[PDB]
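Here is the file target-v6.cif (mmCIF, C-alpha atoms).
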data_final
#
loop_
_atom_site.label_atom_id
_atom_site.label_comp_id
_atom_site.auth_asym_id
_atom_site.auth_seq_id
_atom_site.Cartn_x
_atom_site.Cartn_y
_atom_site.Cartn_z
CA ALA A 1 13.06 -20.57 1.07
CA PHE A 2 13.17 -16.91 0.13
CA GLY A 3 11.48 -15.98 -3.13
CA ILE A 4 12.16 -12.58 -4.67
CA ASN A 5 8.72 -12.60 -6.29
CA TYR A 6 7.14 -12.39 -2.81
CA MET A 7 9.09 -9.32 -1.65
CA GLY A 8 7.86 -5.83 -2.46
CA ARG A 9 8.53 -2.26 -1.43
CA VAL A 10 6.11 -0.33 0.76
CA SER A 11 7.78 3.05 1.32
CA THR A 12 7.34 5.25 -1.74
CA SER A 13 10.14 7.70 -0.96
CA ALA A 14 13.46 7.44 -2.77
CA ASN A 15 15.25 9.32 0.04
CA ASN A 16 18.26 7.15 0.87
CA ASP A 17 18.94 9.00 4.14
CA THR A 18 15.93 7.30 5.76
CA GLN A 19 14.84 3.69 6.18
CA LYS A 20 12.60 1.68 3.87
CA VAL A 21 9.56 -0.49 4.53
CA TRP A 22 9.13 -3.89 2.90
CA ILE A 23 6.40 -6.53 2.80
CA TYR A 24 6.84 -10.28 2.41
CA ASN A 25 4.23 -12.83 1.32
CA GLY A 26 4.75 -16.10 3.14
CA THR A 27 1.06 -16.99 3.19
CA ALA A 28 -0.60 -19.80 1.24
CA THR A 29 -0.38 -17.77 -1.98
CA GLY A 30 3.29 -17.00 -1.31
CA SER A 31 6.12 -18.89 0.37
CA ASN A 32 3.71 -20.88 2.60
CA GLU A 33 5.92 -20.74 5.69
CA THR A 34 5.34 -19.65 9.27
CA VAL A 35 6.37 -16.30 10.71
CA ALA A 36 8.97 -18.02 12.88
CA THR A 37 10.56 -19.69 9.85
CA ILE A 38 10.74 -16.41 7.94
CA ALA A 39 12.03 -14.53 11.00
CA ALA A 40 14.85 -17.05 11.46
CA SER A 41 18.42 -15.87 11.06
CA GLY A 42 19.80 -15.73 7.54
CA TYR A 43 16.45 -16.29 5.83
CA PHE A 44 16.72 -13.07 3.79
CA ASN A 45 20.32 -13.80 2.79
CA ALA A 46 19.27 -14.58 -0.79
CA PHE A 47 17.86 -11.06 -1.13
CA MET A 48 21.24 -9.41 -0.55
CA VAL A 49 23.83 -9.12 -3.29
CA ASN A 50 26.81 -9.99 -1.06
CA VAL A 51 25.72 -10.75 2.50
CA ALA A 52 29.33 -11.33 3.56
CA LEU A 53 29.95 -7.59 3.10
CA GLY A 54 26.46 -6.30 3.91
CA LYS A 55 25.73 -5.21 0.33
CA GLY A 56 22.09 -5.43 -0.71
CA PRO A 57 18.69 -3.76 -0.91
CA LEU A 58 18.05 -4.21 2.82
CA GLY A 59 19.54 -1.75 5.28
CA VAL A 60 19.88 -1.76 9.05
CA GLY A 61 16.66 -0.49 10.58
CA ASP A 62 14.41 -1.31 7.63
CA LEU A 63 10.93 -2.44 8.65
CA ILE A 64 9.61 -5.67 7.13
CA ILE A 65 5.93 -6.62 7.23
CA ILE A 66 6.00 -10.42 7.37
CA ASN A 67 2.81 -12.32 6.52
CA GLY A 68 3.28 -15.96 7.47
CA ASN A 69 0.78 -18.72 6.88
CA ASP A 70 -0.28 -18.53 10.55
CA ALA A 71 -0.03 -14.83 11.53
CA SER A 72 1.62 -11.53 10.64
CA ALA A 73 4.00 -9.24 12.51
CA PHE A 74 6.30 -6.27 12.10
CA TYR A 75 10.04 -6.97 12.10
CA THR A 76 13.12 -4.76 12.00
CA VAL A 77 16.44 -5.55 10.35
CA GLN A 78 19.17 -5.66 12.99
CA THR A 79 22.22 -6.75 10.97
CA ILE A 80 23.01 -7.20 7.29
CA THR A 81 26.38 -8.94 7.72
CA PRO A 82 27.42 -11.71 8.01
CA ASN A 83 23.73 -12.67 8.16
CA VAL A 84 20.43 -10.85 7.82
CA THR A 85 18.73 -11.08 11.22
CA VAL A 86 15.44 -9.52 12.28
CA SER A 87 13.59 -8.94 15.54
CA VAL A 88 10.04 -7.91 16.35
CA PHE A 89 9.08 -4.24 16.16
CA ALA B 1 -20.99 3.05 5.22
CA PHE B 2 -17.81 2.52 3.23
CA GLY B 3 -16.61 5.57 1.34
CA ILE B 4 -14.10 5.05 -1.46
CA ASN B 5 -12.80 8.62 -1.18
CA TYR B 6 -11.47 7.78 2.30
CA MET B 7 -9.59 4.68 1.12
CA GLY B 8 -5.95 5.11 0.13
CA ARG B 9 -3.00 2.89 -0.70
CA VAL B 10 0.25 2.88 1.25
CA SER B 11 2.38 0.25 -0.49
CA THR B 12 4.11 1.62 -3.58
CA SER B 13 5.01 -1.71 -5.19
CA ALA B 14 2.93 -2.88 -8.13
CA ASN B 15 4.09 -6.47 -7.65
CA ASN B 16 0.89 -8.51 -7.45
CA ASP B 17 2.54 -11.65 -6.04
CA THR B 18 2.92 -9.91 -2.66
CA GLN B 19 0.43 -8.10 -0.43
CA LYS B 20 -0.71 -4.49 -0.28
CA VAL B 21 -1.11 -1.99 2.55
CA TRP B 22 -4.17 0.26 2.76
CA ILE B 23 -5.18 3.13 5.03
CA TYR B 24 -8.77 4.10 5.83
CA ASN B 25 -9.98 7.45 7.16
CA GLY B 26 -12.90 6.71 9.46
CA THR B 27 -12.23 9.71 11.71
CA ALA B 28 -14.42 12.81 12.00
CA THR B 29 -13.02 14.10 8.69
CA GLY B 30 -13.81 10.81 6.95
CA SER B 31 -16.54 8.23 7.44
CA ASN B 32 -16.89 9.17 11.13
CA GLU B 33 -17.42 5.64 12.43
CA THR B 34 -15.86 3.58 15.19
CA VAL B 35 -13.14 0.99 14.64
CA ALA B 36 -15.59 -1.75 15.62
CA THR B 37 -18.06 -0.64 12.94
CA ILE B 38 -15.37 -0.54 10.24
CA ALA B 39 -13.99 -3.93 11.31
CA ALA B 40 -17.42 -5.58 11.18
CA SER B 41 -17.96 -8.32 8.62
CA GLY B 42 -18.86 -7.20 5.12
CA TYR B 43 -18.05 -3.53 5.69
CA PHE B 44 -15.55 -3.44 2.81
CA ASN B 45 -17.88 -5.30 0.44
CA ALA B 46 -18.54 -2.10 -1.52
CA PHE B 47 -14.82 -1.83 -2.30
CA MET B 48 -14.87 -5.12 -4.20
CA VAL B 49 -16.13 -5.47 -7.76
CA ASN B 50 -17.79 -8.89 -7.39
CA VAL B 51 -17.54 -9.97 -3.75
CA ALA B 52 -19.45 -13.18 -4.53
CA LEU B 53 -16.55 -14.38 -6.71
CA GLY B 54 -13.84 -12.69 -4.64
CA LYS B 55 -12.96 -10.21 -7.39
CA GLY B 56 -11.64 -6.85 -6.27
CA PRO B 57 -8.65 -4.75 -5.23
CA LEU B 58 -8.39 -6.34 -1.77
CA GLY B 59 -6.45 -9.56 -1.35
CA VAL B 60 -6.21 -12.13 1.44
CA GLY B 61 -3.47 -11.07 3.84
CA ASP B 62 -3.67 -7.38 2.94
CA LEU B 63 -2.93 -4.99 5.80
CA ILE B 64 -5.41 -2.17 6.47
CA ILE B 65 -4.63 0.73 8.80
CA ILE B 66 -8.05 1.66 10.21
CA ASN B 67 -8.34 5.15 11.70
CA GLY B 68 -11.69 5.15 13.47
CA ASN B 69 -13.25 8.16 15.14
CA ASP B 70 -12.33 6.76 18.57
CA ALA B 71 -9.04 4.88 18.03
CA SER B 72 -6.81 3.26 15.43
CA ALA B 73 -5.68 -0.31 14.84
CA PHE B 74 -3.94 -2.48 12.28
CA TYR B 75 -6.10 -5.15 10.64
CA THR B 76 -5.58 -7.97 8.16
CA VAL B 77 -7.96 -9.29 5.51
CA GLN B 78 -8.83 -12.97 5.91
CA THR B 79 -11.61 -13.62 3.39
CA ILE B 80 -12.70 -11.81 0.23
CA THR B 81 -15.58 -14.17 -0.58
CA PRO B 82 -18.47 -14.33 0.09
CA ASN B 83 -17.74 -11.42 2.42
CA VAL B 84 -14.75 -9.25 3.28
CA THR B 85 -13.71 -9.95 6.87
CA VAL B 86 -10.77 -8.49 8.78
CA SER B 87 -9.09 -9.43 12.04
CA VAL B 88 -6.77 -7.74 14.51
CA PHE B 89 -3.16 -7.64 13.34
CA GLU C 1 -9.77 -11.68 -18.69
CA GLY C 2 -9.18 -8.23 -17.27
CA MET C 3 -11.52 -6.43 -14.92
CA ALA C 4 -12.42 -2.83 -14.16
CA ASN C 5 -12.45 -1.50 -10.60
CA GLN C 6 -12.87 1.85 -8.90
CA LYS C 7 -10.46 3.96 -6.87
CA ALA C 8 -10.32 7.26 -5.08
CA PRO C 9 -9.17 10.31 -7.03
CA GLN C 10 -5.37 10.78 -6.97
CA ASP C 11 -4.99 7.28 -5.51
CA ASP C 12 -2.56 4.79 -6.99
CA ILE C 13 -4.02 2.42 -9.56
CA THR C 14 -4.61 -1.19 -8.46
CA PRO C 15 -4.87 -3.47 -11.51
CA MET C 16 -7.02 -6.57 -11.58
CA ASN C 17 -4.71 -9.40 -12.50
CA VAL C 18 -4.90 -11.29 -15.80
CA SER C 19 -3.98 -14.97 -15.78
CA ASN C 20 -1.86 -16.73 -18.39
CA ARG C 21 -1.28 -20.33 -19.43
CA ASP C 22 0.19 -22.33 -22.29
CA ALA C 23 -0.86 -25.16 -24.60
CA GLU C 24 1.57 -27.64 -26.15
CA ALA C 25 1.11 -29.55 -29.41
CA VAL C 26 3.38 -32.53 -30.04
CA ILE C 27 4.52 -33.02 -33.64
CA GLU C 28 4.49 -36.46 -35.26
CA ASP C 29 5.62 -37.81 -38.63
CA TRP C 30 3.73 -40.16 -40.95
CA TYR C 31 4.67 -41.70 -44.30
CA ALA C 32 2.63 -43.08 -47.21
CA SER C 33 4.83 -44.75 -49.81
CA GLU C 34 4.59 -47.22 -52.67
CA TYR C 35 6.77 -48.81 -55.35
CA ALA C 36 6.17 -49.15 -59.08
CA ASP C 37 8.52 -51.52 -60.90
CA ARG C 38 9.59 -50.41 -64.37
CA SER C 39 8.66 -53.81 -65.81
CA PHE C 40 4.99 -52.90 -65.29
CA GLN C 41 5.10 -49.77 -67.46
CA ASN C 42 4.50 -51.68 -70.70
CA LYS C 43 2.23 -54.32 -69.15
CA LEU C 44 -0.46 -52.04 -67.68
CA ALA C 45 -3.20 -50.04 -69.36
CA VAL C 46 -3.14 -47.55 -66.46
CA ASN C 47 -0.41 -45.27 -65.12
CA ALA C 48 0.70 -46.97 -61.91
CA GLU D 1 -50.55 11.51 -14.24
CA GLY D 2 -53.41 13.97 -14.08
CA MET D 3 -57.03 13.16 -13.41
CA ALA D 4 -60.39 14.75 -14.15
CA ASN D 5 -62.78 15.30 -11.25
CA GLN D 6 -66.21 16.84 -10.73
CA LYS D 7 -67.29 19.91 -8.81
CA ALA D 8 -70.44 21.80 -7.95
CA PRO D 9 -71.28 24.68 -10.30
CA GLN D 10 -69.71 28.03 -9.31
CA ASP D 11 -67.39 26.27 -6.85
CA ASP D 12 -63.66 26.90 -6.98
CA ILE D 13 -61.68 24.48 -9.12
CA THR D 14 -59.72 21.83 -7.20
CA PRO D 15 -56.83 20.49 -9.30
CA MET D 16 -55.85 16.85 -9.06
CA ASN D 17 -52.20 17.36 -8.24
CA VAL D 18 -49.70 16.10 -10.82
CA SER D 19 -46.72 14.62 -9.02
CA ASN D 20 -43.15 15.37 -10.02
CA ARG D 21 -39.91 13.60 -9.24
CA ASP D 22 -36.31 13.83 -10.37
CA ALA D 23 -34.40 10.73 -11.49
CA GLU D 24 -30.73 11.33 -10.67
CA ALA D 25 -28.07 9.33 -12.50
CA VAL D 26 -24.88 9.43 -10.44
CA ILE D 27 -21.76 9.36 -12.61
CA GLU D 28 -19.06 6.87 -11.63
CA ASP D 29 -15.53 6.23 -12.90
CA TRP D 30 -14.12 2.79 -13.69
CA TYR D 31 -10.54 1.84 -14.56
CA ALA D 32 -9.18 -1.28 -16.24
CA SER D 33 -5.40 -1.48 -15.94
CA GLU D 34 -2.46 -3.84 -16.21
CA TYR D 35 1.33 -3.79 -16.00
CA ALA D 36 3.91 -5.25 -18.39
CA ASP D 37 7.37 -5.47 -16.85
CA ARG D 38 10.28 -4.91 -19.21
CA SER D 39 11.94 -8.14 -18.06
CA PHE D 40 9.25 -10.02 -20.00
CA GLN D 41 9.92 -8.21 -23.29
CA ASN D 42 12.72 -10.51 -24.41
CA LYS D 43 11.18 -13.56 -22.72
CA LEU D 44 7.85 -13.39 -24.58
CA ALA D 45 7.01 -14.13 -28.20
CA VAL D 46 3.85 -12.04 -27.91
CA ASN D 47 3.44 -8.28 -27.48
CA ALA D 48 2.13 -8.09 -23.92
#

Before we go any further, please render this structure as structure tokens.
Amino acid sequence: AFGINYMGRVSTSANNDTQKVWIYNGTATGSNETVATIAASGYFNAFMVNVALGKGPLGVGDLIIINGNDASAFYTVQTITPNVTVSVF
Amino acid sequence: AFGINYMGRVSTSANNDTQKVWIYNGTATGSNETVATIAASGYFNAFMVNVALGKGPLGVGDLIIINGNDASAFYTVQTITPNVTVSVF
Amino acid sequence: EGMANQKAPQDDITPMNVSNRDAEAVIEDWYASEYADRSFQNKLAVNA
Amino acid sequence: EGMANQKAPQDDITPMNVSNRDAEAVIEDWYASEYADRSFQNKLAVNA
């Protein structure tokens, strides 16, 4: 499942009028799950504070660098409520 | 050869349980070498402290943005010992 | 153990990670006891 | 190192050339660093 210790910020800017970039560690040293498993719908629900209302660190349009145990790809947040769903970038 | 002055860090997070993002300036204003030369095996050995024991700032799964003098490409670190090898992202 | 690395000027610092672990000692209780009947106070040349 | 040689009388002196070289020590910078998150302050008995 999602582990907060494997999620980290990439974008240094604190400007809240632009999107943020994240990185996730699902490799052997991290969550040890495939890219498809991490990119599944609702996987990042535990990261949000209240996913039912779309309240959390992730915003719509944020770019996530997902490193699975088999490959790595760029993904973009499409929705934050009622589930956090991503699609390739 | 590898030049540390042309190596920078993109990811702002200091969390060591996730991965890091680097950017390398191999263009005419940097090392002035092709992407193939930079992506060759053992090119980033000088960046590590003890590459024989896999001790250094680079970690497995780290994303490197290589800006060669002819093109640019995203790469990912696979091994840090006994050599530093990257592959196409 | 820590480790020292190099970096470009004005680049962000990248620490070499230090590991941690723990060691656990289990506490046990032991007793050494004896009795000395008062009827032996006057019958012994030693202090029991 | 120098060296002594021989010459014919009244001939011009021919020095045995003494080589020179410069040993250059290149200065490098090394950093040893670590982080101590505040969330571990109350969760640790040690001073990290």

Give me the chain D side of the contact with chain B, cut-off 10 Å, one line per residue showing its nearest atom pair and distance in Å at one decimal, counting only C-alpha atoms, sorted by chain and residue number, as a tab-separated table.
residue	atom	partner	partner_atom	distance
D:34	CA	B:14	CA	9.8
D:35	CA	B:14	CA	8.1
D:37	CA	B:15	CA	9.8

On this structure, the PyMOL selection byres ((chain C) within 8 of (chain D)) would catch which residues? List them as a list in words, sorted by chain and number. residues 2, 3, 4, 5, 6, 7, 13, 14, 15, 16, 17 and 18 of chain C

Suppose we keep C-alpha atoms; can you now write the selection as a PDB file, in the frame of the given file?
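What landed in again-v7.pdb:
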ATOM      1  CA  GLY C   2      -9.180  -8.230 -17.270  1.00  0.00           C
ATOM      2  CA  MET C   3     -11.520  -6.430 -14.920  1.00  0.00           C
ATOM      3  CA  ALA C   4     -12.420  -2.830 -14.160  1.00  0.00           C
ATOM      4  CA  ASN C   5     -12.450  -1.500 -10.600  1.00  0.00           C
ATOM      5  CA  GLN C   6     -12.870   1.850  -8.900  1.00  0.00           C
ATOM      6  CA  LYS C   7     -10.460   3.960  -6.870  1.00  0.00           C
ATOM      7  CA  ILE C  13      -4.020   2.420  -9.560  1.00  0.00           C
ATOM      8  CA  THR C  14      -4.610  -1.190  -8.460  1.00  0.00           C
ATOM      9  CA  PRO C  15      -4.870  -3.470 -11.510  1.00  0.00           C
ATOM     10  CA  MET C  16      -7.020  -6.570 -11.580  1.00  0.00           C
ATOM     11  CA  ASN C  17      -4.710  -9.400 -12.500  1.00  0.00           C
ATOM     12  CA  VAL C  18      -4.900 -11.290 -15.800  1.00  0.00           C
TER      13      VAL C  18
END

I'm after chain C in the frame of chain D: fit it by least squares over all Cα atoms matched in order, and give me the output as a PDB file with C-alpha atoms, in the frame of the given file.
ATOM      1  CA  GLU C   1     -50.614  10.642 -11.575  1.00  0.00           C
ATOM      2  CA  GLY C   2     -53.264  13.210 -12.382  1.00  0.00           C
ATOM      3  CA  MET C   3     -56.972  12.720 -11.884  1.00  0.00           C
ATOM      4  CA  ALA C   4     -60.154  13.976 -13.512  1.00  0.00           C
ATOM      5  CA  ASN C   5     -62.991  15.444 -11.453  1.00  0.00           C
ATOM      6  CA  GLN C   6     -66.279  17.187 -12.118  1.00  0.00           C
ATOM      7  CA  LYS C   7     -67.439  20.726 -11.402  1.00  0.00           C
ATOM      8  CA  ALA C   8     -70.443  22.929 -11.889  1.00  0.00           C
ATOM      9  CA  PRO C   9     -70.662  24.985 -15.075  1.00  0.00           C
ATOM     10  CA  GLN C  10     -68.939  28.392 -14.779  1.00  0.00           C
ATOM     11  CA  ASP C  11     -67.338  27.266 -11.509  1.00  0.00           C
ATOM     12  CA  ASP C  12     -63.630  27.679 -10.896  1.00  0.00           C
ATOM     13  CA  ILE C  13     -61.492  24.673 -11.760  1.00  0.00           C
ATOM     14  CA  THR C  14     -60.144  22.602  -8.847  1.00  0.00           C
ATOM     15  CA  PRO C  15     -57.147  20.528  -9.981  1.00  0.00           C
ATOM     16  CA  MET C  16     -56.313  17.153  -8.515  1.00  0.00           C
ATOM     17  CA  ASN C  17     -52.767  17.422  -7.273  1.00  0.00           C
ATOM     18  CA  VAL C  18     -49.839  15.547  -8.825  1.00  0.00           C
ATOM     19  CA  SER C  19     -47.031  14.446  -6.525  1.00  0.00           C
ATOM     20  CA  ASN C  20     -43.322  14.713  -7.285  1.00  0.00           C
ATOM     21  CA  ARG C  21     -40.157  13.128  -5.925  1.00  0.00           C
ATOM     22  CA  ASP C  22     -36.509  12.676  -6.833  1.00  0.00           C
ATOM     23  CA  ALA C  23     -34.004   9.836  -7.163  1.00  0.00           C
ATOM     24  CA  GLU C  24     -30.263  10.238  -6.611  1.00  0.00           C
ATOM     25  CA  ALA C  25     -27.491   8.138  -8.158  1.00  0.00           C
ATOM     26  CA  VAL C  26     -24.033   8.364  -6.601  1.00  0.00           C
ATOM     27  CA  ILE C  27     -21.104   8.235  -9.031  1.00  0.00           C
ATOM     28  CA  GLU C  28     -18.047   6.092  -8.311  1.00  0.00           C
ATOM     29  CA  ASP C  29     -14.709   5.570 -10.055  1.00  0.00           C
ATOM     30  CA  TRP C  30     -12.955   2.275 -10.789  1.00  0.00           C
ATOM     31  CA  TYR C  31      -9.610   1.504 -12.431  1.00  0.00           C
ATOM     32  CA  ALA C  32      -8.221  -1.559 -14.227  1.00  0.00           C
ATOM     33  CA  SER C  33      -4.531  -1.178 -15.020  1.00  0.00           C
ATOM     34  CA  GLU C  34      -1.509  -3.288 -15.888  1.00  0.00           C
ATOM     35  CA  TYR C  35       2.164  -2.901 -16.796  1.00  0.00           C
ATOM     36  CA  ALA C  36       4.131  -4.428 -19.657  1.00  0.00           C
ATOM     37  CA  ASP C  37       7.909  -4.099 -19.396  1.00  0.00           C
ATOM     38  CA  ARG C  38       9.718  -3.443 -22.670  1.00  0.00           C
ATOM     39  CA  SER C  39      12.163  -6.273 -21.954  1.00  0.00           C
ATOM     40  CA  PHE C  40       9.318  -8.738 -22.578  1.00  0.00           C
ATOM     41  CA  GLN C  41       8.609  -7.556 -26.131  1.00  0.00           C
ATOM     42  CA  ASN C  42      11.295  -9.768 -27.680  1.00  0.00           C
ATOM     43  CA  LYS C  43      10.872 -12.638 -25.208  1.00  0.00           C
ATOM     44  CA  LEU C  44       7.162 -13.376 -25.742  1.00  0.00           C
ATOM     45  CA  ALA C  45       5.355 -15.021 -28.633  1.00  0.00           C
ATOM     46  CA  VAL C  46       2.201 -13.040 -27.769  1.00  0.00           C
ATOM     47  CA  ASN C  47       1.491  -9.308 -27.660  1.00  0.00           C
ATOM     48  CA  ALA C  48       1.376  -8.513 -23.948  1.00  0.00           C
TER      49      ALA C  48
END

Take the PyMOL selection byres ((chain A) within 6 of (chain B)), run it mentally on this structure, and tell me the resulting residues as JSON, numbers by chain. {"A": [6, 8, 9, 10, 12, 25]}

Over all C-alpha pairs taken in sequence order, what does chain A look like after a least-squares fit onto chain B? Please give it as a short mmCIF file (atom, residue, chain, number, x, y, z; two decimals) with C-alpha atoms, in the coordinates of the input.
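Below is the file that was written, result02.cif:
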data_model
loop_
_atom_site.label_atom_id
_atom_site.label_comp_id
_atom_site.auth_asym_id
_atom_site.auth_seq_id
_atom_site.Cartn_x
_atom_site.Cartn_y
_atom_site.Cartn_z
CA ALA A 1 -20.99 3.12 5.20
CA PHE A 2 -17.89 2.57 3.10
CA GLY A 3 -16.71 5.54 1.07
CA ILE A 4 -14.17 5.01 -1.69
CA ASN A 5 -12.87 8.55 -1.21
CA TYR A 6 -11.57 7.54 2.24
CA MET A 7 -9.56 4.52 1.07
CA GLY A 8 -6.01 4.94 -0.19
CA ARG A 9 -3.00 2.80 -1.00
CA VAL A 10 0.05 2.71 1.26
CA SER A 11 2.39 0.18 -0.36
CA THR A 12 4.17 1.74 -3.32
CA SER A 13 5.21 -1.50 -5.00
CA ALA A 14 3.30 -2.79 -8.01
CA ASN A 15 4.53 -6.36 -7.39
CA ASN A 16 1.37 -8.48 -7.49
CA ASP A 17 3.11 -11.50 -5.93
CA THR A 18 3.12 -9.77 -2.53
CA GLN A 19 0.44 -8.20 -0.36
CA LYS A 20 -0.65 -4.56 -0.31
CA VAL A 21 -1.16 -2.09 2.52
CA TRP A 22 -4.19 0.18 2.68
CA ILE A 23 -5.35 3.01 4.93
CA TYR A 24 -8.93 3.99 5.74
CA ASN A 25 -10.18 7.31 7.12
CA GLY A 26 -13.10 6.75 9.45
CA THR A 27 -12.27 9.70 11.68
CA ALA A 28 -14.27 12.92 11.99
CA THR A 29 -12.95 14.14 8.63
CA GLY A 30 -13.80 10.79 7.02
CA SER A 31 -16.52 8.21 7.58
CA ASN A 32 -16.96 9.20 11.26
CA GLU A 33 -17.44 5.64 12.51
CA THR A 34 -15.78 3.58 15.22
CA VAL A 35 -13.08 0.99 14.63
CA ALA A 36 -15.49 -1.77 15.63
CA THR A 37 -18.04 -0.63 13.04
CA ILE A 38 -15.43 -0.53 10.28
CA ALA A 39 -13.96 -3.88 11.36
CA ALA A 40 -17.39 -5.53 11.19
CA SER A 41 -17.96 -8.27 8.64
CA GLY A 42 -18.86 -7.19 5.13
CA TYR A 43 -18.09 -3.51 5.69
CA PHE A 44 -15.59 -3.38 2.80
CA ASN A 45 -17.95 -5.23 0.45
CA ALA A 46 -18.61 -2.05 -1.55
CA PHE A 47 -14.90 -1.80 -2.35
CA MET A 48 -14.85 -5.12 -4.20
CA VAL A 49 -16.06 -5.46 -7.77
CA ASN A 50 -17.88 -8.77 -7.22
CA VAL A 51 -17.64 -9.92 -3.61
CA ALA A 52 -19.62 -13.07 -4.40
CA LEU A 53 -16.62 -14.31 -6.41
CA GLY A 54 -13.84 -12.59 -4.47
CA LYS A 55 -12.98 -10.18 -7.29
CA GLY A 56 -11.70 -6.78 -6.18
CA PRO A 57 -8.74 -4.62 -5.21
CA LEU A 58 -8.41 -6.29 -1.80
CA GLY A 59 -6.58 -9.59 -1.51
CA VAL A 60 -6.28 -12.13 1.28
CA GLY A 61 -3.55 -11.04 3.66
CA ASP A 62 -3.65 -7.34 2.78
CA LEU A 63 -3.00 -5.06 5.75
CA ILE A 64 -5.48 -2.24 6.39
CA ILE A 65 -4.69 0.69 8.67
CA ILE A 66 -8.09 1.63 10.10
CA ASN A 67 -8.48 5.05 11.73
CA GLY A 68 -11.81 5.16 13.54
CA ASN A 69 -13.24 8.15 15.33
CA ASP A 70 -12.16 6.65 18.68
CA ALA A 71 -8.86 4.82 18.00
CA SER A 72 -6.75 3.20 15.29
CA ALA A 73 -5.54 -0.35 14.73
CA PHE A 74 -3.96 -2.65 12.18
CA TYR A 75 -6.22 -5.22 10.53
CA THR A 76 -5.62 -8.07 8.10
CA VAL A 77 -7.99 -9.30 5.40
CA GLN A 78 -8.97 -12.90 6.12
CA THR A 79 -11.52 -13.62 3.38
CA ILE A 80 -12.71 -11.83 0.26
CA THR A 81 -15.69 -14.10 -0.50
CA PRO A 82 -18.58 -14.26 0.19
CA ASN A 83 -17.79 -11.35 2.53
CA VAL A 84 -14.76 -9.21 3.28
CA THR A 85 -13.81 -9.95 6.90
CA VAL A 86 -10.85 -8.61 8.84
CA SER A 87 -9.12 -9.38 12.13
CA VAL A 88 -6.55 -7.54 14.20
CA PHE A 89 -2.88 -7.75 13.22
#

Can you list, as a PyMOL selection string, every protein, DNA or RNA residue that comes within 10 Å of residue 36 of chain D when you count all atoms listed in the file, leaving out same-chain residues fewer than 5 positions away? chain D and resi 41+47-48

Can you list, as a PDB file with C-alpha atoms, in the coordinates of the input, the residues that the PyMOL selection byres ((chain A and resi 71) around 12) selects here?
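To be explicit, this is the file written out as expr-v1.pdb:
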ATOM      1  CA  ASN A  25       4.230 -12.830   1.320  1.00  0.00           C
ATOM      2  CA  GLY A  26       4.750 -16.100   3.140  1.00  0.00           C
ATOM      3  CA  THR A  27       1.060 -16.990   3.190  1.00  0.00           C
ATOM      4  CA  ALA A  28      -0.600 -19.800   1.240  1.00  0.00           C
ATOM      5  CA  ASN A  32       3.710 -20.880   2.600  1.00  0.00           C
ATOM      6  CA  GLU A  33       5.920 -20.740   5.690  1.00  0.00           C
ATOM      7  CA  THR A  34       5.340 -19.650   9.270  1.00  0.00           C
ATOM      8  CA  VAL A  35       6.370 -16.300  10.710  1.00  0.00           C
ATOM      9  CA  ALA A  36       8.970 -18.020  12.880  1.00  0.00           C
ATOM     10  CA  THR A  37      10.560 -19.690   9.850  1.00  0.00           C
ATOM     11  CA  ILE A  38      10.740 -16.410   7.940  1.00  0.00           C
ATOM     12  CA  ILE A  65       5.930  -6.620   7.230  1.00  0.00           C
ATOM     13  CA  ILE A  66       6.000 -10.420   7.370  1.00  0.00           C
ATOM     14  CA  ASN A  67       2.810 -12.320   6.520  1.00  0.00           C
ATOM     15  CA  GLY A  68       3.280 -15.960   7.470  1.00  0.00           C
ATOM     16  CA  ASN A  69       0.780 -18.720   6.880  1.00  0.00           C
ATOM     17  CA  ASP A  70      -0.280 -18.530  10.550  1.00  0.00           C
ATOM     18  CA  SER A  72       1.620 -11.530  10.640  1.00  0.00           C
ATOM     19  CA  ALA A  73       4.000  -9.240  12.510  1.00  0.00           C
ATOM     20  CA  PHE A  74       6.300  -6.270  12.100  1.00  0.00           C
TER      21      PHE A  74
ATOM     22  CA  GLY B  61      -3.470 -11.070   3.840  1.00  0.00           C
ATOM     23  CA  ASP B  62      -3.670  -7.380   2.940  1.00  0.00           C
ATOM     24  CA  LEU B  63      -2.930  -4.990   5.800  1.00  0.00           C
ATOM     25  CA  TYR B  75      -6.100  -5.150  10.640  1.00  0.00           C
ATOM     26  CA  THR B  76      -5.580  -7.970   8.160  1.00  0.00           C
ATOM     27  CA  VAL B  77      -7.960  -9.290   5.510  1.00  0.00           C
ATOM     28  CA  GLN B  78      -8.830 -12.970   5.910  1.00  0.00           C
ATOM     29  CA  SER B  87      -9.090  -9.430  12.040  1.00  0.00           C
ATOM     30  CA  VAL B  88      -6.770  -7.740  14.510  1.00  0.00           C
ATOM     31  CA  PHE B  89      -3.160  -7.640  13.340  1.00  0.00           C
TER      32      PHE B  89
END

In Å, how far is it from atom CA of residue 11 of chain C to atom CA of residue 3 of chain B? 13.6 Å

At what distance in Å, to one decimal, does atom CA of residue 30 of chain A lie from atom CA of residue 42 of chain B? 25.1 Å

What is the atom CA of residue 46 of chain D to atom CA of residue 22 of chain C distance in Å? 12.3 Å

Can you find the residues with an atom no farther than 10 Å from (-13.8, -7.9, -3.3), counting only C-alpha atoms, and report them as an NGL selection string? (:B and (42 or 44-60 or 79-84)) or (:C and (5))

For residue 12 of chain C, which residue out of B:43, B:64, B:31, B:22 is the nearest one, using all atoms listed in the file?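 Of all the options, B:22 lies closest to residue 12 of chain C.
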